[PDB]
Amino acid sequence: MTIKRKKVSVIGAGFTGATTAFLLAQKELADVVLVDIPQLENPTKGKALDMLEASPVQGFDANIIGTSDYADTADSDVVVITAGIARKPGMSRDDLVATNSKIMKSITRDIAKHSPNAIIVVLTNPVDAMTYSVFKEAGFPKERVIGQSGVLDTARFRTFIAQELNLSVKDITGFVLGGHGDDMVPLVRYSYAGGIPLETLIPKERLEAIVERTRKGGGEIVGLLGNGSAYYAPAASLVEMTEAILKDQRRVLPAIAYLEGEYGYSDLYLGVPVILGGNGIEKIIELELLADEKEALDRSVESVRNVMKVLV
């Protein structure tokens, strides 16, 4: 009967998790629960309190708490998973998946136990295999376990194109399938400035350089920082997906989604175009791909399946 706010729990209180929590609160999307391990309870509480203390300045009405008790996550509408070790250049997907999947087992069980009807959005890398690991543990329908990947890659692409052309980011679009790095399958033919195909505005070699920059983009930020990794753009990407869900917007966005026949593939998570709304994955949209795009995507599938073999 009482009209109540949405609730989001953000798992992992490192910079991407904390930043996601703040951005959600700032937009008055939900009350936020920022979660981390018991040994880090006080820093988690400190982050959440600092965020809360910003709220009267900017004027946003949100509760934000820090916790190590999954009871506090009960009946979350969305749970965003940012826990685990960050991807770095020179780390193999296989080592990272072994590390992160071991951490995540107990986490997924605790999430699902307290919010049986949550939609889970996974940041943790390598996200194609990690989203699968979460899906297998959670006991949820596939539509409710999704990963983040292409929003961030398209954000970086759009930034690079916007700076190349000196144009508003509002009017640039990018399009990617697959995953990050060598797994990314960009469709520059579906990438525009104000709807105008980018191939007509930027010469081939420059556009190739921008695509390569996009492939390497997370590593670029890691290299500049010296220690740490990106978190503003990853957080913003998580929040855009979370907002689509909480507000049932039926956005068309790239997401890491479970395939059972789509694009000819089955039984893995892969970056694909989806309609995102209040049910989670509303639809996977199947494009007519050109031969080269389809070969690239086949390679991305094989790569993801190789990383999956590591899971126990």
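In this text, residue numbers run from 1 along the sequence as written.
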property: Mean C-alpha temperature factor, higher of 258-266 and 49-57; result: 258-266
property: Of 89-97 and 186-194, the stretch whose C-alpha atoms average the higher B-factor in the entry; result: 89-97
property: Given 150, 116, 218, 147, the residue at which the Cα B factor reaches its maximum; result: 116
property: Per the PDB entry, maximal CA B factor within 241, 235, 112, 155; result: 112
property: Residue 67 - which third its CA temperature factor falls in, relative to the rest of the chain; result: middle
property: B-factor third for the C-alpha atom of residue 103 within its chain; result: highest
property: Lowest, middle or highest third - CA B-factor, residue 229; result: highest
property: Chain thirds of CA B-factor: placement of residue 201; result: middle
property: Residue 176 CA temperature factor, ranked by third within the chain; result: highest
